[PDB]
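Remarks on the overall topology
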Number of protein chains: 8
Amino acid sequence: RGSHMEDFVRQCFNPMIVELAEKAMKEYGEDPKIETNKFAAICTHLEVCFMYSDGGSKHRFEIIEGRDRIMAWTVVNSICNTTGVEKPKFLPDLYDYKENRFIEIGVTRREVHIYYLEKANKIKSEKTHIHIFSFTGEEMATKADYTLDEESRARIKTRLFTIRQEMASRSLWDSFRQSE
Amino acid sequence: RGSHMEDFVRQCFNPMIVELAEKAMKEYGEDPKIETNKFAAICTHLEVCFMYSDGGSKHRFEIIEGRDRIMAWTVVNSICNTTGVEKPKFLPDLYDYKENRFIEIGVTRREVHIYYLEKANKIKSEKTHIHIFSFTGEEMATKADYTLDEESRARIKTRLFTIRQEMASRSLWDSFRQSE
Amino acid sequence: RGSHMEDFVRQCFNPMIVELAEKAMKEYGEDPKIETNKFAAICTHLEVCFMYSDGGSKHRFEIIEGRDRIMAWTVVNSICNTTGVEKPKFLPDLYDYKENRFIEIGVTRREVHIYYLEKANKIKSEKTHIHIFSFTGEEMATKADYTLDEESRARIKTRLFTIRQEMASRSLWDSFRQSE
Amino acid sequence: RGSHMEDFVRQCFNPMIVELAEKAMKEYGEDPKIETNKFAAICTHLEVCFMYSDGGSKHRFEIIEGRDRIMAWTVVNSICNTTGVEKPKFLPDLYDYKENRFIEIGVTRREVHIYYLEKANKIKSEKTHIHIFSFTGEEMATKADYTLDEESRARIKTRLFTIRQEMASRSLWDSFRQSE
Amino acid sequence: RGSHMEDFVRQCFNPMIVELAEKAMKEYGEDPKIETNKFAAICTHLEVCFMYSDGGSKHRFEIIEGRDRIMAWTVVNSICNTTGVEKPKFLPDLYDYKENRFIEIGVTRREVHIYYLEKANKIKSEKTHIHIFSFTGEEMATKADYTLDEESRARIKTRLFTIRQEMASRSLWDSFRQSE
Amino acid sequence: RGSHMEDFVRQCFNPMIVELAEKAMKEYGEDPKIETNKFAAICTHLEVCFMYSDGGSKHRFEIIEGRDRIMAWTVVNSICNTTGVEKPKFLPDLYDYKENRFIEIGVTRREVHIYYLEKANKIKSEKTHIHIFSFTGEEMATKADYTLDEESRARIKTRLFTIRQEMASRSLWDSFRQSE
Amino acid sequence: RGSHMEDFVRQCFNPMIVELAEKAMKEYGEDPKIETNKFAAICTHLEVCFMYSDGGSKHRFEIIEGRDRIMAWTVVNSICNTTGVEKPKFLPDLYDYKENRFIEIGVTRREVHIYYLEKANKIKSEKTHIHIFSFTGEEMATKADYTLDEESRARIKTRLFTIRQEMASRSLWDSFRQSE
Amino acid sequence: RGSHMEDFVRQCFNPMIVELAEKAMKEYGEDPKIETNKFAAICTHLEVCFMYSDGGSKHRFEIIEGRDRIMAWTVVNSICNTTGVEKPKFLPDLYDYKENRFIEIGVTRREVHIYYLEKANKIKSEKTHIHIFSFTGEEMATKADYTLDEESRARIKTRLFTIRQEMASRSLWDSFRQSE
Ligand SMILES: COc1cc(CCNC(=O)c2nc(-c3ccccc3C)[nH]c(=O)c2O)ccn1
Ligand SMILES: COc1cc(CCNC(=O)c2nc(-c3ccccc3C)[nH]c(=O)c2O)ccn1
Ligand SMILES: COc1cc(CCNC(=O)c2nc(-c3ccccc3C)[nH]c(=O)c2O)ccn1
Ligand SMILES: COc1cc(CCNC(=O)c2nc(-c3ccccc3C)[nH]c(=O)c2O)ccn1
Ligand SMILES: COc1cc(CCNC(=O)c2nc(-c3ccccc3C)[nH]c(=O)c2O)ccn1
Ligand SMILES: COc1cc(CCNC(=O)c2nc(-c3ccccc3C)[nH]c(=O)c2O)ccn1
Ligand SMILES: COc1cc(CCNC(=O)c2nc(-c3ccccc3C)[nH]c(=O)c2O)ccn1
Ligand SMILES: [Mn+2]
Ligand SMILES: [Mn+2]
Ligand SMILES: [Mn+2]
Ligand SMILES: [Mn+2]
Ligand SMILES: [Mn+2]
Ligand SMILES: [Mn+2]
Ligand SMILES: [Mn+2]
Ligand SMILES: [Mn+2]
Ligand SMILES: [Mn+2]
Ligand SMILES: [Mn+2]
Ligand SMILES: [Mn+2]
Ligand SMILES: [Mn+2]
Ligand SMILES: [Mn+2]
Ligand SMILES: [Mn+2]
Ligand SMILES: [Mn+2]
Ligand SMILES: [Mn+2]
């Protein structure tokens, strides 16, 4: 093809993030060269998940997102058959060994209130913790339990607003927002 | 030869783990290409020991397992002639500088209760701490003192159940369980 | 799934070869975990192509195989619009800057005579050079022009027979041969 | 040219520090080969900023100094539009996620009291924290809040006095002091 | 700013090429973020020079392009005061130790005949060899002496046409051609 | 020459430790090939100092030992002119930023009581803290303030007894002990 | 144990050479700590083989020595079933793709004439080329065909005499010579 | 001390060159901080020797310069007891396996004719080849046999004149020339 968004995504995100996002879309029958808005979203969600796991202790989180579907479900079964928690219907993003619960990370271009409403509607397993971030700097989690420290979450939202600025500077933000 | 277990072991474990396990069996007159079930067990026990030492403080543990028999006993003598603890009859796996005791790590495919019964029967030195893990997610230690934090131990059992799933997915689990 | 061939492929070939083969099959809607015979073939063809380009001078060959379909065709157009050769109907494997022709590399489990007959039947552009290798140690090229030196080609066939031996040692050769 | 200060700067500071300082001066139309005193000052200020961020927690500080003017302001806007603090008139050096304020780092060859008087006079945004260091071993911060621990600040001043000694040993300190 | 050409340049060329081009423009008071067409040209000319020096023997070429103006002239003086050749009026790109002459590399978007006419008009020192490349695949050198082997030059023009295709695929080729 | 001690020292200690010890002896007009007992002692003292600084916080210690005499004294002057402590008569080994004092590390083959008696007799500056270790597992520090945690010191003495065992295993311990 | 030869071997040879020699002896039920003379010989023979393969073209030699017995025989079968040469009775050291023959490398402490007499007596396959080196600087090969260039062989014998000097300098040469 | 020459030497030469030169002077009881002119000369002679060995084939030269006095003489004895050449009275710089002779490399600030006259007067062994270079671009060797190709020698003299220019640019050339 030849989109501005694709070149910006490769310039904005770490190369391993781009490769993992490409593998995730190709596993789900998606092309980064055509669905470039989803390409930027999957890269953003990937980085947010990794910065999230970077916060806290060393052995606190088990990273579910970023693995292939078979191995991700294998780790989920291992975590469930070990601690005793219920197997979630859909694949979560992380598992907290400190709080003993799965975490679903969300990144939205609209109000954080609407996304969780759809995220909580889909996620039937109420045990799975939900934590939403927005590109405007807002966040909200289940039971107001934000899991990480304030500084780690502040670093996440700062990065999100930086991605938003870089997108608007090259005039891809408008098409990126009205596409979720 | 040409066993499925040998190729799975090389694909499942870190290369340095495989090399250390090979050296340990060859030091005891064992061939990984024929005794592939023991090959997978020595790799599993090696990784569990290293994840165990990864938990806790930086200078907490001295790693006895993974060294050659002569150097491992040299470190054991050094630890004994320093702190003043009794020299164990058999080589332990770790030494805890925080609790001032040797640690014997066990990984079992049967009930954790039976192994320790044999492990405690062999280990005459009652000072040596014993900590057993199972592939089903169970654990138990001497005096109910589990040494590490809950998250580090939970990560160990999750990995053990993942190895069990990968083994059963390729139909090596049955021959691996009824072989201990 | 859980196939012996998949674990052998990951143990036999270089990791970057495995990743490039995975991307090539996923680009063509193929799963390495199910089509493990094709997984071993695409890895073998990939390595043969890279050893082939390793023979000769430094700037002799342009590597077409291993790139994504869009970039591979981009390099082919560049080579054609530069030297003046005709654009081949299908994607070749290499381009020889010394002989000024595209090269199609083939690896077969049957007689080398049959494959080229199908390869030359498909390849309408007679300018594209064809070079076939077999797992038994045979080779043959267009116009009896074998391009590389004898030692580089001998190293290629030696590797092919080593892959064949390792496959038969674990009893995957029979299913691999009667699958082409 | 051919100044002793330029060769000392390249020998005294880390290579990446020298490259970042060169880019900062060239961005502001300055030549390190002629303004060698400013070359040593920008390297010193750069290293002090990086040692400052090295103190404290992992996610505590966002490093503003060292980036290009456009990206530095992009991060500042991100931090402001996230936490809600006021946009400073001039570019600060760091942002504290723990104290929720921007930090302006200063390094002086005169009394620390005079510099801050000029630094606080320029910085209209009173929210921005100011922290001055001197080459004699003195320091002072806004509201007597020195942000970091005593050991991290002591390491900073020790390095500053070491740079001063190395400068005087080669007879560049006198021209470096009477040049601020 | 926010140009498509800038993100494509960072995605198309090697990172060290981009950094060297940035330093060359900033040394001459030029901004890559605004003069993005010149940004792509200086990166292209830089890579062509490095591929050119990559052809031939190990100690054949001395690379003049890519150094700062002071050090580049220092190497030119060294070469002149050693071999005895005349000092060129303007900075050349390479020096051939085999042919004992300086080389001026040119990359053009128009006919190679016009550029050399301007290049030979500017270069008063007739000893300096001139070698022009075009994005269409044409080349021509002084006295029809093309210095390198055919394969090394063919690789250069293939890369040039690949850059041209990638530019046209994202619709920057038209503005890049009508800008020389 | 050709001593067993020299080959054991190179096999027992880290290569950078050996190089730093060689530079220290050559700076004081000493040859490692002839004074091999001192070679083993300077390597042992070097490693103990580095393990000592490895204990505690990140910015706690400034490492004086291991630098050249001029730079070591330069750091000592920097520390003194910063904190305000008195300049010691002889070069110490470390500086504690937490306790604000210099540390003199000693390793002995005799009773720890005798060495400190000579160490405290030489060190006139009573502010400098003294910490002695022995190859038998004993330690003692000024004012019974052992600075580090018990685990870090236990790791130091364990290493010392391991060096003693390796020396006696090759029959260099007797000549090493009766040589201090 | 505690031998001077073992520490000298670890100090004299490259670490990977030492590891490969250890694996070769342990595969044949041999201990480097007790049979230290054989330890030095297997390291010497290993290095000579690798320097030998280092001479000549890039794809000239296939390295048989240094692999495990199963994989070494697998490569030998591949070479035989490819070129058509006869399978040797015992494992050779190299294969020459240029001369199409296996090479048996020998290193001796006695006269080169006696070793080959035993080497040629054992090696029934007359096709296998034999090339002997001595620690005194002598060499001789089958049919006076020395395979490599004079400089590569001269470098091999120079290294052999250097190992001999280092051995005699520490008084292990006498026990090493009267032990073959 | 604090000399301009010392900082220029560390900035001009590769770090390993500086370390090897420091070890050579300290082995001969010389201080780089005081004899900075000799410091620059030993670095220059070291680099010239390494560029000289870089010319030619892979196994052509054995590097004598840069080793410690004991190991350098050990290699010289090995070369003599192997090829059969006479042991030189003083340590040479290289050995040519192609021409079968030792090489003495010289770098001078005066006329190349005078140095060799002293070099040939000292070197009694007429077999040792002598090759002198100057900072003005002149060279001359024994029997007019310049050993290497013209391009490799031209690269050496170009580097020498570059070092001369950098020295004069900072006003150390005059004191460096009138000091030989
Ligand atoms: C939709 O196809 C996929 C599927 C996967 C595997 C699991 N996916 C997630 O877990 C996940 N997906 C999204 C997302 C992103 C873009 C468009 C729509 C959605 C719903 N957002 C999340 O927050 C999140 O956790 C990976 C990548 N793409
Ligand atoms: C049995 O030969 C060996 C010996 C060693 C050295 C010391 N071994 C242990 O310390 C150890 N061995 C086992 C184990 C594993 C497989 C079969 C039987 C046993 C008892 N399990 C442990 O938990 C454990 O600590 C290493 C490897 N193999
Ligand atoms: C078939 O889907 C693909 C397609 C590609 C891209 C281009 N492919 C080739 O160029 C190519 N393909 C084969 C091959 C391998 C397995 C089964 C059938 C065939 C015909 N053999 C070759 O020799 C060869 O050059 C890559 C991978 N898989
Ligand atoms: C003046 O041109 C520049 C500008 C920048 C970007 C932002 N600059 C700072 O933020 C900054 N500048 C100094 C400084 C240093 C030398 C002379 C005068 C001053 C005022 N001192 C600081 O403490 C400080 O934070 C970087 C480099 N040079
Ligand atoms: C014009 O400012 C500069 C100057 C330099 C230093 C030396 N420059 C060259 O040597 C050189 N410059 C060009 C070029 C590129 C874009 C626009 C105009 C020109 C004439 N083309 C070449 O072929 C070439 O050799 C580096 C970068 N920019
Ligand atoms: C003897 O046990 C082994 C066996 C192997 C595998 C194959 N061995 C050889 O190929 C080989 N062995 C020697 C050698 C060395 C010491 C003592 C006796 C001999 C005969 N010398 C060679 O030249 C040579 O090629 C490796 C190591 N040790
Ligand atoms: C003089 O002390 C040393 C000795 C060595 C070991 C062997 N030295 C040489 O081989 C050598 N020495 C010089 C040189 C350099 C400066 C002043 C005087 C001389 C004669 N010039 C050479 O060309 C040369 O080959 C290394 C370093 N310094
Ligand atoms: Mn997810
Ligand atoms: Mn999610
Ligand atoms: Mn054990
Ligand atoms: Mn155990
Ligand atoms: Mn193909
Ligand atoms: Mn093909
Ligand atoms: Mn600033
Ligand atoms: Mn500042
Ligand atoms: Mn130019
Ligand atoms: Mn040019
Ligand atoms: Mn000391
Ligand atoms: Mn001390
Ligand atoms: Mn052999
Ligand atoms: Mn042999
Ligand atoms: Mn010399
Ligand atoms: Mn010389």
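The scheme used for residues numbers each chain from 1 in its written sequence order. That scheme is not guaranteed to match the entry numbering, and residues without coordinates are omitted from view. As they are written, the chains are lettered A onward and the ligands numbered 1 onward, keeping that order. Side-chain measures were taken over the full set of non-hydrogen atoms in the model, leaving aside hydrogen atoms and water. Residues with missing side-chain atoms are left out of burial classes, side-chain pairs and their counts.

Okay, the UniProt feature "binding site: Mn(2+) 2" in chain A next. Residues and elements named next belong to chain A. UniProt positions are given in the numbering used here, feature names are shortened, and annotations may be inferred rather than shown by experiment. This chain's UniProt record puts "binding site: Mn(2+) 2" on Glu65 and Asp93. For the annotated residues, spread through 29 residues, the largest C-alpha to C-alpha distance comes to 4.7 Å, consistent with a single compact locus. Residue position: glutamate 65 is located in the loop between β1 (61–63) and α4 (69–83). We call a residue buried when its accessible area falls under 20% of the maximum for its residue type, exposed when it is over 50%, and partly exposed in between, using a 1.4 Å probe and counting protein chains only. A residue is classified by how much of its surface remains accessible, and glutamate 65, at 25% relative accessible area, is partly exposed. The residues contacting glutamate 65, other than those within four sequence positions of it, are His45, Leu46, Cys49, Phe50, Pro92 and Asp93. In this text, helices come from DSSP runs of H or I with a minimum length of four residues, and strands from runs of E with a minimum of two, each type numbered from the N-terminal end. With respect to the element layout, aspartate 93 can be found in the loop between α4 and β2 (94–96). Whether two residues are in contact is decided by their heavy atoms: any pair within 4.5 Å suffices.

Residue and element names in this part refer to chain D. Throughout, the term near means that a residue has one or more heavy atoms lying within 4 Å of the molecule or strand in question. Within the structure, ligand 4 sits among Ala24, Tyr28, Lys38, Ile42, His45, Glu65, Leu91, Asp93, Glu104, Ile105 and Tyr115. Whenever a nitrogen or oxygen atom comes within 3.5 Å of another N or O atom, the pair is scored as a polar contact, on the condition that within protein one atom can donate a hydrogen and the other can accept it, and that pairs from neighbouring residues in sequence are kept only if both atoms are in side chains. Between an oxygen atom of ligand 4 and a side-chain N or O atom of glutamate 65, the distance comes to 3.3 Å. With respect to ligand 4, the side chain of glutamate 104 contributes an N or O atom lying 2.7 Å from an oxygen atom. For every accessible area listed, the method is Shrake-Rupley and the probe measures 1.4 Å; residues are considered covered only by the protein chains on display. Contact with the protein chains hides 66% of the accessible area of ligand 4, taken as 560 Å² for the molecule alone. Going through the elements one at a time, α3 (36–54) and β3 (101–108) are the ones with two or more residues in the shell around ligand 4.

Moving on, we get to the interface of chain A and chain D. Listed by partner, the interface residues are 16 residues for chain A and 12 residues for chain D. For the side of chain A that touches chain D, the elements supplying multiple residues, two or more each, are α3 (36–54) and α6 (150–169) of chain A. Here the element with the most residues in the side of chain A that touches chain D is α6(A); it accounts for 10 residues. Within the side of chain A that touches chain D, the residues separate by chemical class into 3 nonpolar, 8 polar and 5 charged. Amino acids are sorted into nonpolar (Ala, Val, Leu, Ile, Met, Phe, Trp, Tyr, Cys and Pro), charged (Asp, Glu, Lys and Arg) and polar (every other residue, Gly among them).

Moving on, we come to the coordination of the manganese ion (ligand 12). Each metal site is built from N, O and S donor atoms within 2.8 Å (3.2 Å for Na, K and Ca), and since water is not included, such sites may look incomplete. Around the manganese ion (ligand 12), the protein contributes the donor atoms C:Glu65 (OE) and C:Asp93 (OD), which lie 2.1 to 2.2 Å from the metal centre. In this structure C:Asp93 comes out as buried when scored by relative accessible area, which is 1%.

Turning next to the sheet that holds strand β4 (residues 129–134) of chain D. Hydrogen bonds between backbone groups are what pair the strands of a sheet, and the pairing can be parallel or antiparallel. Residue and element names in this part refer to chain D. With respect to topology, 5 strands assemble into an open sheet ordered β1-β2-β3-β4-β5, the strand pairing being mixed. Only two strands of the sheet have a single neighbouring strand rather than two, namely β1 (61–63) and β5 (139–141). Direction aside, neighbouring strands of the sheet carry axes that sit 20° apart on average. In this structure, β4 lies alongside β5, joined through 3 bridges in antiparallel fashion. By the bridge assignment, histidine 131 is partnered in β5 with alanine 141. Packing of helix α6 (residues 150–169) onto the sheet brings it into contact with β3, β4 and β5, and relative to β4 it is tilted by some 45°. Pairing between two strands is assigned when DSSP locates at least 2 bridges connecting them. Axis definition: a line fitted to C-alpha atoms, limited for helices to the stretch in contact. Angles are taken between N-to-C directions and run from 0 to 180 degrees.

Bringing a negative patch on the surface into the picture now. Taken together, A:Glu27, A:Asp68, C:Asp31 and C:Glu35 make up a surface patch of like negative charges. Counting through the fold element by element, A:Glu27 comes out in helix α2 (residues 15–27). Like-charged residues are merged into a patch within 9 Å and nonpolar side chains (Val, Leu, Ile, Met, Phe, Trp, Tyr) within 5 Å, provided each residue has over 30% relative accessible area and no salt bridge. Salt bridges are identified by distance alone: a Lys or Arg side-chain nitrogen within 4 Å of an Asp or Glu carboxyl oxygen. Under the convention used here, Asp and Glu are negative, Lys and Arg are positive, and both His and the chain ends fall outside the count. Here the site of a charge means atom NZ of a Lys, CZ of an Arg, CG of an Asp or CD of a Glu.

Residue and element names in this part refer to chain G. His45 (NE2), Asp93 (OD), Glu104 (OE) and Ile105 (O) make up the full set of protein donors to the manganese ion (ligand 21), lying at 2.1 to 2.3 Å. Think of it this way: with four donors and all angles in the 85 to 135 degree range, the site is tetrahedral; with four or six donors, opposite ones beyond 155 degrees and the rest between 65 and 115, it is square planar or octahedral; otherwise it is irregular. Each of the 6 donor atoms bound to the manganese ion (ligand 21) contributes to angles spanning 80 to 175°, and the resulting shape is octahedral. We note that the donor set of the manganese ion (ligand 21) lies within a single chain, spaced as H-x47-D-x10-E-I. The manganese ion (ligand 20) is placed at 3.9 Å from the manganese ion (ligand 21), the two being bridged by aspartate 93.

The next thing to look at is the interface of chain C and chain G. Chain C puts 16 residues into the contact, and the matching count from chain G is 12 residues. Elements represented by at least two residues in the side of chain C that touches chain G include exactly α3 (36–54) and α6 (150–169) of chain C. Sorting elements by how many residues they give to the side of chain C that touches chain G places α6(C) first, with 10 residues. When grouped by side-chain class, the residues that make up the side of chain C that touches chain G number 3 nonpolar, 8 polar and 5 charged.

This brings us to the UniProt feature "binding site: Mn(2+) 1" in chain A. Residues and elements named next belong to chain A. Sequence positions flagged by UniProt for "binding site: Mn(2+) 1" are, in local numbering, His45, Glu65, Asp93, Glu104 and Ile105. Spatial clustering of the annotated residues is evident: they stretch over 61 residues in sequence, but the largest pairwise C-alpha distance comes to 10.8 Å. Of note, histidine 45 is situated in helix α3. Ignoring sequence-local partners within four residues, the contact set of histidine 45 consists of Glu65, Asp93, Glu104, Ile105 and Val107. Sequence-distant contacts of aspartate 93, that is, excluding residues within four places in its chain, are made with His45, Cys49, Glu62, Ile63, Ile64, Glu65, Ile103, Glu104 and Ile105.

The geometry of two aromatic rings is summed up by the distance between their centres and the angle between their planes. Working definition: a ring pair exists when centres of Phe, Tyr or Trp rings (six-membered ring for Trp) sit within 6.5 Å. Plane angles under 30 degrees give stacked, over 60 give edge-to-face, the rest tilted. Within the structure shown, the criterion is met by 56 aromatic pairs over all chains. A ring pair is formed by A:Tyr52 and A:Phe133, whose centres lie 6.1 Å apart and whose planes are at 70°; its orientation type is edge-to-face. One end of the pair, A:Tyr52, is in helix α3; the other, A:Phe133, is in strand β4 (residues 129–134), and 81 residues separate them in sequence. Look at A:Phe133 and you get buried, because its relative accessible area is 0%. Ring geometry for E:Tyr52 against E:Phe61: centres 5.9 Å apart, planes inclined by 65°, an arrangement best described as edge-to-face. With respect to burial, E:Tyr52 and E:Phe61 carry one shared label: buried. Taken together, the aromatic side chains of A:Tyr52, A:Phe61 and A:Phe133 make up a single cluster linked through ring pairs. Put simply, a charge is over a ring when the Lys NZ or the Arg CZ is close to the ring centre, within 6 Å, and near the line of the ring normal, within 35 degrees. The aromatic ring of E:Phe176 is capped on one face by E:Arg109, whose charged end is 4.2 Å from the ring centroid.

This paragraph deals with the pairing of strand β4 (residues 129–134) of chain G. Residues and elements named next belong to chain G. Among the 6 residues that make up β4, 6 are buried, leaving the element largely enclosed by the rest of the structure. Burial along β4 is two-sided: the face carrying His129, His131 and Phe133 and the face carrying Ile130, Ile132 and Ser134 are both buried. Across 6 bridges, strand β3 (residues 101–108) lies against β4 in parallel orientation. Among the inter-strand pairings, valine 107 is bridged to a residue of β4, identified as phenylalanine 133. A crossover counts as right-handed when, viewed with the strands pointing away from the observer, the path leading from the first strand over the helix to the second turns clockwise. Taken together, β3, helix α5 (residues 112–122) and β4 form a β-α-β motif whose crossover is right-handed. Hairpin connection of β4 to strand β5 (residues 139–141): 4 residues between the antiparallel strands, including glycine 137 at a positive phi of 110°.

Superposition of the two copies of the chain requires a rotation about an axis together with a shift along that axis. Only the C-alpha atoms enter the least-squares fit used to superpose the copies. Mapping chain A onto chain D leaves a residual RMSD of 0.0 Å; the transformation is a rotation of 90° accompanied by 0.0 Å of translation along its axis. What we have between these two chains is a four-fold relation.

Moving on to the site of ligand 1. Residue and element names in this part refer to chain A. Lining the immediate environment of ligand 1, one finds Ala24, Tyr28, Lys38, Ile42, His45, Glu65, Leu91, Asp93, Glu104, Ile105 and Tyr115. At a separation of 3.3 Å, an oxygen atom of ligand 1 approaches a polar side-chain atom of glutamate 65. Notes on ligand 1: free accessible area 550 Å², of which the protein chains cover 67%. At the level of elements, α3 and β3 (101–108) are the ones that each hand at least two residues to the shell around ligand 1. Among the elements that make up the shell around ligand 1, the one with the highest residue count is α3 (3 residues). Tallied by class, the residues present in the shell around ligand 1 amount to 6 nonpolar, 1 polar and 4 charged.

A few words now on a positive patch on the surface. A grouping of A:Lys23, A:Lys26, C:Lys23 and C:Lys26 is seen on the molecular surface, where their side chains present a positively charged patch. Among the secondary structure elements, those contributing two or more residues to the positive patch are α2 of chain A together with α2 (15–27) of chain C. Within the element layout of this structure, A:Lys23 appears in helix α2.

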